[PDB]
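The chain below stands alone and is given as structure tokens, in the form deposited in one PDB entry.
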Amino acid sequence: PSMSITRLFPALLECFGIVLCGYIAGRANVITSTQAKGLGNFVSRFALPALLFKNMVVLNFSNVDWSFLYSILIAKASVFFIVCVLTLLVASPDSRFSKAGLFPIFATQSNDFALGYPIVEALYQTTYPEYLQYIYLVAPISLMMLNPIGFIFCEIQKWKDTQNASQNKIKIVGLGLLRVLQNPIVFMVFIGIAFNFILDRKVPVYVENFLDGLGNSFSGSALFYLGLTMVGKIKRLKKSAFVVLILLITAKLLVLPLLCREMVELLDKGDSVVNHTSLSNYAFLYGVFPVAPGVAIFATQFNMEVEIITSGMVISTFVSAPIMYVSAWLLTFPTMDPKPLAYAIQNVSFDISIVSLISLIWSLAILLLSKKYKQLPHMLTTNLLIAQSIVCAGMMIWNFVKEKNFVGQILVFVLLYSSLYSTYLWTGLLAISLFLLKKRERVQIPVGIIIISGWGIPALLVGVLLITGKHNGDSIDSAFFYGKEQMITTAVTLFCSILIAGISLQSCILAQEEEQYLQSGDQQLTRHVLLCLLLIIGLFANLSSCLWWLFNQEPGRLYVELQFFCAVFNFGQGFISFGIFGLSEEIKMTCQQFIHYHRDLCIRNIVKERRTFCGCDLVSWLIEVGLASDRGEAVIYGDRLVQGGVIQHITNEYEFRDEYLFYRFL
């Protein structure tokens, strides 16, 4: 009925595929950091103002439900107040106010013009068209209400830092209000209100096409720019910063949706209980939008807490999508029957499985063409991705052979759950390999023994399940294909894997040292330990669901959520693996420019005699001088120099890269 949910997955695919395209373009150095400024300016100064003005001139303010806006504003104000009070009472006095100026803003301001609006449009287009108008009502008002307090706190921190006690509160409040008044959203909305009243809710035909043309290009360009602005933002941090970031993202993505739902339940007291449920669900879905990059822009402008804010915004952007999908499906579940419920679970798992299969075959092609799996622990990772691809393919076959052929059904079930148990066990084997590498022991690794164990133990478990179990062809879900025996063998396999994971966790000298450094750096322990920390979340979810079903024989109103979560993890675990292990005239001009003018003073610190400069030191020196903005521009400049015959590698085998590679002048 309401909240058509089958249209949400393509909308999420749009929203995050454009972001992924932007990230890939930025990271492959197609677009550098300087060239992204043009796209950012076009999006912020011409497309968003046009979209806001066009949508705000026609709003019909006499037919707007203000209860929803009041509830959302009350929830946001409550979250802001709580975060500000806790930050003031907890943070150290040296940089207290700055935190209280930005942490509440981080946990309240969301990204709903670029990401939230397509989702809301897809969910509520033909069912509740009046909901799409609320976004343009809620996003600006919040900036009109909560941003000034944060800006005032930041100005107070700046005043303390400068120690200019002669200032008064009037100037601080004036600066705080002026910073929020100059935002294009605020005054564009004000002008939209003014022209809405002047023009009697009608857009002249002369400017309709112009406004539509500028407004239709906002969403995709903003998604691309958001993807571009995440190329190098996530960096290593400390434990305290990590805990603060986890708390902030939990406040943004968990506490706020629940508070919005509670406020909508309290304030709204209308008839048509169906509409009340729809409004509460809409509030919950609105609460889960990620943090807007405008907060990072504010932090950069104030030059305070920029790194933690940027990292948190980037992380929350990616964390929000599974939360959105699962929350929407869970809220749609109550208005369903058990057989359509199972069909919906099958369909969602099939969609996740097919997208994950495409991503996994792409990642496998990359890994095979890299030809780096011959040394540990890349081949175990290759086996893990192979098992994930096989389980995705097995489920896609199962969705069609569920009630088509018998022998095909048994064969598909065997393949699918052998692959599932293979992934479960391979998590533990990878953890064991990482722990063994941690011991730094120069002992041979039984690669053959571990691989045959990992690919034969699940086969033996499936065989004994077939021998001792009872077939049940009336079950739509493959989890209950046999029943008690399948459940107990899955539970014991998960328990063993989790226990294993927990227990486990002209210069020859220059050439030899650089190849030794390359060999040492090829062992990417960070990514492997990240994967062998992330998989146990889903392993724990699976084990908890199995134990809950075993202990609670009578099905309560919690096993459906566990089924959905475990299926989503089981058939989307390949996304994590893809995210980890898946990613002339001007030449002459720059050549003579470098040779003639500033060639001198270059060889003073970065070049020394060796029995002749690195790759990182030259990039750092170029950044220091001012010939580049980031590492990308330095890499492009070095490529320009090398292609022109200015410098060359010693071995004549590597191009200009930001590694520990040595080059010589010509």
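Throughout, rigid core stands for the largest set of C-alpha atoms superposing within 1.5 Å between the two forms. The first residue of the sequence shown is number 1, and the count goes up from there.
Compared with other deposited structures of the same protein, residue 517 meets the criterion of being unmodelled in at least one third of those that resolve residues on both sides. For the cut-off of one third of the other compared entries, residue 246 stays well clear, since all of them model it along with its flanks. Deposited sequence between residue 583 and residue 584: 10 or more residues lack coordinates. Gap between residue 505 and residue 506: 10 or more deposited residues without coordinates.
What follows is about the form deposited in another entry, which we do not show.
Core-superposed comparison between the shown form and the other one: among 111, 389, 133, 87, the single residue whose C-alpha moves by 2 Å or more is 389.
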